[PDB]
């Protein structure tokens, strides 16, 4: 079976709307989401349908862009570093779980290149 997804709603978690978080949605998430290699990353890994019974034995902090998109749209975060960490966890999980050089790793690398480019120009806090 699959685990429950990561949390995307929590009324007692303090949160904010900030210009850096707005950039993470409007620039970072949107750029990666529209990419031709986004599809395997647009929702939690479904280890049942994809026949990956060891996935959640190895990956203990799952993360995906569907979860990030919900967190950004629902104003889940306090700061941009929490969201940047989610993206980095997503990429790292893929490199940890998969065999080097597999298609999925090349896909992650292409998305990560764009991510790094956009994060390099994260705007100053207003």
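What we label the rigid core is the largest C-alpha set whose atoms superpose within 1.5 Å from one form to the other. Positions refer to the first chain, counted from 1.
Asker: Between 20-28 and 6-14, which one shows the bigger average Cα displacement from this form in 7 other deposited structures of this protein once the rigid core is aligned?
Answerer: Comparing 6-14 with 20-28, the one that moves more in 7 other deposited structures of this protein is 6-14.
Asker: Got a sec? Mean C-alpha B-factor, which is higher, 109-117 or 13-21?
Answerer: Higher of the two, by average CA B-factor, is 13-21.
Asker: With respect to the recorded C-alpha B factors, which stretch has the higher mean value, 60-68 or 92-100?
Answerer: Higher of the two, by average CA B-factor, is 92-100.
Asker: Among 42, 85, 75, 79, single out the one with the highest C-alpha B factor in the record, please.
Answerer: So the option with the highest C-alpha B-factor is 75.
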